[PDB]
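Chemist:
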Amino acid sequence: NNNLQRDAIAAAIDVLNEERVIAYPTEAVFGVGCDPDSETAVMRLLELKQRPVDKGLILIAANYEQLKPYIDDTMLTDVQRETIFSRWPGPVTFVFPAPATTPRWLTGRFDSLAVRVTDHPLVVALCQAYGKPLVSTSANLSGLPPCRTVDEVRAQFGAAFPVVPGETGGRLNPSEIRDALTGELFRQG
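Per my numbering, the very first residue in the sequence shown carries number 1286; after that it's consecutive.
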């Protein structure tokens, strides 16, 4: 309990100052994340990745406080809250038409940003702590093995702090990125 709280806080402040990427819980396969609105994210991606920069990974939020000014308020409405709140917190990512006013280095590809909201794991504590989302990236590098579990990054770096220990049942990939513009299913028959 207390240790977990410290772990979340440690990751938030550490990355804030250290400016990098740390282990992030995933609703499917272990991944890593960082602090939104930061030069390190764009640079660290373009660094070893150099390609997905335009696509722009998926970001995880814990509070709607950041979904309210990050998307037009026309999409969002009392029924939307109820519906998203009454229909799972967010098991799938949706791409909303980000505002033109905002920069373009966040996607630079097209006017649509894929984001997801989750409220149940240690993610909140980490996001809530920072008071803002956590960018979500896949657990991989240029050629360095991934992080099957926190036991990995640990044997790998000795974290045991800048990490969010845990586990998951085991699923293929039910979480995807749908066009929030229509929200239509994949099947057409």
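Even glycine gets a Cβ: it sits at the ideal position worked out from N, Cα and C.
Thinking C-alpha only, which one of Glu-1332, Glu-1437, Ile-1462, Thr-1359 is nearest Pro-1384?
Modeler: That would be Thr-1359, whose Cα lies nearest to the Cα of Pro-1384.
Chemist: Identify, in the order they occur along the chain, each residue of the same chain with its Cβ nearer than 7 Å to the Cβ of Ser-1427, setting aside the five sequence neighbours on each side.
Modeler: Same-chain partners within the cutoff: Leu-1333.
Chemist: Going along the chain, which unbroken runs of the beta strand (DSSP E) with 3 or more residues stay wholly within the region 1359-1383?
Modeler: Those beta strand (DSSP E) runs which fall completely within the region 1359-1383 and span 3+ residues are 1378-1381.
Chemist: For the beta strand (DSSP E) holding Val-1402, just list the boundary residues, first then last.
Modeler: Unbroken beta strand (DSSP E) run through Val-1402: 1398-1402.
Chemist: Nearest CA to the CA of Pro-1406: which residue from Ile-1298, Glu-1303, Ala-1313, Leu-1301?
Modeler: Here the closest residue by C-alpha is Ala-1313.
Chemist: I'd like the list of long-range same chain contacts for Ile-1369, defined as Cβ closer than 8 Å, with 5 residues on each side in sequence excluded.
Modeler: Excluding positions up to five away in sequence, the list reads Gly-1375, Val-1402.
Chemist: Is the separation between the beta-carbon of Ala-1414 and that of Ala-1293 shorter than 7 Å?
Modeler: Yes; because the gap between Cβ atoms is below 7 Å, this pair is in contact.
Chemist: Strictly by DSSP, which residues pair up with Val-1317?
Modeler: According to DSSP, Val-1317 bridges with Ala-1308, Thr-1422.
Chemist: Select from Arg-1305, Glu-1303, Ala-1347, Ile-1298 the residue whose C-alpha is nearest the C-alpha of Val-1408.
Modeler: With distances taken between Cα atoms, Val-1408 lies closest to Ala-1347.
Chemist: Pair every Cβ in the region 1437-1455 with every Cβ in the region 1302-1322, then say whether three or more of these pairs are closer than 8 Å.
Modeler: Taking 8 Å as the limit for Cβ pairs, the verdict is that the region 1302-1322 does touch the region 1437-1455.
Chemist: If you run the structure through DSSP and keep just helix, strand and coil, what is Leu-1344?
Modeler: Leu-1344 falls in the strand class under three-state DSSP.
Chemist: Quick one: what does DSSP say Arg-1439 is sitting in, helix, strand or coil?
Modeler: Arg-1439 falls in the helix class under three-state DSSP.
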